[PDB]
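K.L.:
show me how the following folds:
(one chain, ligands or ions: 1)
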Amino acid sequence: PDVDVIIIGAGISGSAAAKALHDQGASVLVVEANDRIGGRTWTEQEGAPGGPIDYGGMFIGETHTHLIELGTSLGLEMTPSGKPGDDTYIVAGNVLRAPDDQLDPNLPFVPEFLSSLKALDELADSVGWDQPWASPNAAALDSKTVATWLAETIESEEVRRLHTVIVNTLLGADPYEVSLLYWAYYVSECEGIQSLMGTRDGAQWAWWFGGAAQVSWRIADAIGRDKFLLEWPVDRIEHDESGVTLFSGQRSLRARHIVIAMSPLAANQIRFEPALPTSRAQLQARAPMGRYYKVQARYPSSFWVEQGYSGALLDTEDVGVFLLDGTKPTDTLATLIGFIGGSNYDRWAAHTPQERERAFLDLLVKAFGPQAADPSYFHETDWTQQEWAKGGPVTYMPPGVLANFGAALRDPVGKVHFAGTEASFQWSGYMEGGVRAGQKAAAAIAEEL
Ligand SMILES: Cc1cc2nc3c(=O)[nH]c(=O)nc-3n(C[C@H](O)[C@H](O)[C@H](O)COP(=O)(O)OP(=O)(O)OC[C@H]3O[C@@H](n4cnc5c(N)ncnc54)[C@H](O)[C@@H]3O)c2cc1C
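P.N.:
Numbers count the residues shown, from 1 in each chain. For reference, the structure is listed below:
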């Protein structure tokens, strides 16, 4: 056995796992499929103009305790993501402003929207974060889509449309392909849509100067860059009572334990001898990744903030996106970032690169004025077609799975253990979760030695 533990996957999670295992004294190796240490945290510090740019995850939540601790211990510094000003909703094509995310109460759709929002949170409490599958209403919830739930519950077409962008954007899927139990679970495990949907707090409250991929790179540096083997895609995993043997084509390694720290979908692209037990097998084969676009437009000044707008925006139909200010104090170019997912992604991916850009810029203009009409820099990053991430921002599940194999997300199969954000108890789908899943996997393994 070449080493104690081999961590497959060099994301925040795999990396956090290796730091932990390493600090505890175990011999460790991190085997990574492509040629970069970031996870779905992808950073180019000198790449683009204006400042460092993140193509993946970048927001640190106010309660993302493990991420903050780890980042800090690595010497990284945080800066507030929030911006002062009114938030913006583009509903039915009309521009609405909301002082402290407080829409005019007289707007016809507002009260039922609030009401439905409270409904969602209540449903999120009926099923929990720890054992959604064991919840009393698990069977009924996991048997229908979020789409059918919106149709049966809500009156206002506009409320329905708000919920849909929200789901299309937090997951990279549309309510028409997501299990209701699964979403109730998600809202529950990320502390409610209120935090899930924050604009200046909750999940979206801070950034790392320098880029999110740093926590990873820094770990590698701290742990011994030589320990991270890039371009080493694991394709077969032979595991017995003694340990595990990884194969990358002809090459191979041997360890006492392994932690596969990637999405279920991603892990499902690896052969396991012996075959994985059937619940984990189903879980991996049936838990897809979202369909997502991360657009970025930089300008010489924060004209949106300068005009009293926070840059935070929600649009139900022009494009189908959540906008957010992404300007660091340090940057030399103001930047607005937008996220398009699910069916909204489907929509645009069908258009041409330029059509997309035009449409996006048009929107920015409708919301913030003609200055948006012409950016200093524009970038789009299609996650649904990234080779190793294979999609959206997070994992999602169709009706029929979470309630039948959910536990497979966490339970180890012999000597192989599972990390990756999807295995976190809470904040699964976020870097925080990634960090937590990694550390818990590490501890489990530590204890086995
Ligand atoms: C556009 C976008 C925006 C996001 N924004 C945020 C945000 O603001 N805040 C937040 O908290 N989260 C955000 N996220 C999610 C966050 O990035 C992820 O939750 C987190 O990075 C997942 O980490 P991970 O370590 O579990 O997995 P990953 O980051 O997916 O890393 C898994 C690693 O495994 C490697 N791998 C895959 N297959 C193999 C194989 N066969 N052999 C070897 N290695 C393999 C991969 O290449 C990769 O490096 C966002 C995601 C996207 C796509």
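K.L.:
which SS class is residue 398?
P.N.:
coil (DSSP: H, G, I helix; E, B strand; the rest coil).
K.L.:
tell me how many other residues crowd it.
P.N.:
Applying other CB atoms under 10 Å, we find 17 residues neighbouring residue 398. Yep, even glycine has a C-beta here, placed from its N, CA and C like the rest.
K.L.:
so it is in contact with residue 177, correct?
P.N.:
Yes - Residue 398 is in contact with residue 177 according to CB atoms under 8 Å; the separation is 5.9 Å.
K.L.:
now for these two: what residues contact both?
P.N.:
Here residue 398 and residue 177 share the contacting residues residue 145, scored by CB atoms under 8 Å, 6 or more residues apart in numbering.
K.L.:
partner strands of the longest strand along the chain and their direction?
P.N.:
Ranked by residue count and defined by DSSP state E, the top strand of the chain is strand 251-260. Sheet pairing for strand 251-260, assigned by DSSP bridges, gives strand 3-8 (parallel), strand 244-248 (antiparallel), strand 416-418 (parallel).
K.L.:
which of those strands sits most buried?
P.N.:
Greatest average neighbour count among the strands paired with strand 251-260 goes to strand 3-8 (a mean of 26), per mean count of other CB atoms under 10 Å.
K.L.:
phi, psi for the closest residue to residue 402 other than its chain neighbours please.
P.N.:
Distances taken as CB to CB, 6 or more residues apart in numbering place residue 182 nearest to residue 402, at 4.9 Å, with adjacent residues excluded. Per-residue torsions, residue 182: phi -60, psi -40 (degrees, to the nearest 10).
K.L.:
kindly report the residues of the stretch 251-400 of the chain close to the ligand.
P.N.:
261-263, 266, 269-270, 292, 294, 383, 388-389, 393 (CB under 6 Å from any ligand atom).
K.L.:
hmm, residue 37 and residue 213 touching each other?
P.N.:
Yes - Residue 213 is within contact range of residue 37, at 6.9 Å (criterion: CB under 8 Å).
K.L.:
looking at these two, which is more packed in?
P.N.:
Using other CB under 10 Å as the criterion, residue 213 and residue 37 rank with residue 213 on top: 28 against 25.
K.L.:
which of the residues of the stretch 251-400 of the chain next to the ligand fall in helices?
P.N.:
residue 266 (DSSP state H).
K.L.:
ok, of the residues of the stretch 251-400 of the chain next to the ligand, which come out buried?
P.N.:
Buried by 16 or more other CB atoms under 10 Å: 261-263, 266, 270, 292, 294, 383, 388-389, 393, out of these.
K.L.:
right, and the residue nearest to residue 402 touches residue 405 too?
P.N.:
No - the pair residue 182 / residue 405 is not scored as a contact, 12.0 Å apart, by CB under 8 Å.
K.L.:
more neighbours, the two?
P.N.:
residue 182 (28 against 24).
K.L.:
outline the domain layout of the chain.
P.N.:
1-39+62-77+209-289+395-449, 40-61+78-105+198-208+290-394, 106-197 (curated CATH domains).
K.L.:
just the endpoints, please. Distance across the shortest one?
P.N.:
The one in question is domain 106-197. Domain 106-197 stretches 22 Å from its first residue to its last (CA to CA, to the nearest Å).
K.L.:
if we can go back for a sec, now the longest strand of the chain: how far from the chain's centre is it?
P.N.:
27 Å (CA atoms, centre = their mean, to the nearest Å).
K.L.:
and it, what's buried?
P.N.:
So for strand 251-260, counting by 16+ other CB under 10 Å, buried means 253, 255-260.
K.L.:
try stretch 99-106
P.N.:
101, 103.
K.L.:
which residues are contacting it?
P.N.:
Counting by CB under 8 Å, 6+ apart, 86-87, 89, 96, 98, 110-111, 113, 199 sit against stretch 99-106.
K.L.:
ok so residue 279 is a helix residue?
P.N.:
Yes - applying three-state DSSP, one finds residue 279 inside a helix.
K.L.:
what parts of the stretch 1-150 of the chain come near the ligand?
P.N.:
8-14, 31-34, 39-41, 56-59.
K.L.:
beyond the host helix or strand of residue 186, next helix or strand please.
P.N.:
Using DSSP states H and E, residue 186 falls within helix 180-189. Reading on from helix 180-189 to the C-terminus, the next helix or strand found by DSSP H and E is helix 193-196.
K.L.:
and of the strands paired with strand 251-260, who's closest to residue 373?
P.N.:
For residue 373, the closest of those is strand 3-8, at 46.0 Å, according to CB to CB.
K.L.:
quick one: contacts of that closest one?
P.N.:
Applying CB under 8 Å, 6+ apart, the set of residues contacting strand 3-8 from outside is 14-15, 17-18, 21, 26-31, 234, 244, 246, 253, 255-262, 270, 419, 445, 449.
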